[PDB]
């Protein structure tokens, strides 16, 4: 299994990265240091995660120590929903760059296809709990992302949580200058995403799978929810291969030509999760894991469901 996938901007992206959503600020510096020490070269970040400064301390220390060169790292961040305005995109990107201690990002994503009212609050609400939209559409936001490439702030741009029709809207944009390089979407055996993945791959867009372990630490988890890590059938495939369930769950998307970004702040799990280049799931294993699809999503949010661009009404 080759470690990197070629993007449509001509750059190579490591297929395994470290996720950072929910990584506590007092733990994420060590997590990222350990990750880089054990071989990770891709870190998935976002301003809304509120820990980019601490991620950046780790990146900078490892660059200073000459554990890695900047060109060997692939750092991803995301434009939050309250910065879908022309006049706000550059400053949002620059704040992320300053926090991460970087002079460019390898990839910058529109985090959700959904613009909110700008201001201090990440989820501005009306008095009845609906998110307050921005009138700023995904095409105008995309043009602002293209400008970041042309200013040298980012090497690649992409999208996240865009449905089929929204990806198509970008591809069909009048005057489109740069195609999205990546669409980062939730994907795991309970949400297998065959339709959207095939569409994106057919257009040369690389798909990154988020929440590949089913996000057991998501703050809205309920006791009744299905659990990938505890699913005895997945455990059975893992046992057959003498690997952990998490390792199977990480290798699965890799064999679909996806990038995958498991999160951990536990050093032993960070290392575990990287040890996925030395075994292969059979085709039968792959089809069996695909068969577990239930259309079950970690990431959805009631307060945003009436926004005109909320992505999960549409089928794929």
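Numbering follows the first chain given and starts at 1.
Legend: mean Cα B-factor per stretch from the PDB entry, 39-47 versus 272-280; the higher mean is in 272-280. Averaged over their C-alpha atoms, the temperature factors of 129-137 and 108-116 are higher for 129-137. Annotation for 148, 187, 181, 239: 239 ranks highest, by Cα B-factor. For the set 84, 155, 78, 173, the PDB entry puts the maximum C-alpha B factor at 173. Per the PDB record, residue ranking by Cα B-factor puts residue 70 in the middle third of the chain. When the CA B factors of the chain's modelled residues are split into thirds, the value for residue 92 lands in the middle one. When the modelled residues of the chain are ordered by their C-alpha B factor, residue 12 lands in the middle third. Ranked against the other modelled residues of its chain, the C-alpha B-factor of residue 209 as given in the entry falls in the lowest third. Ranked by C-alpha B-factor against the other modelled residues of its chain, residue 142 falls in the middle third.
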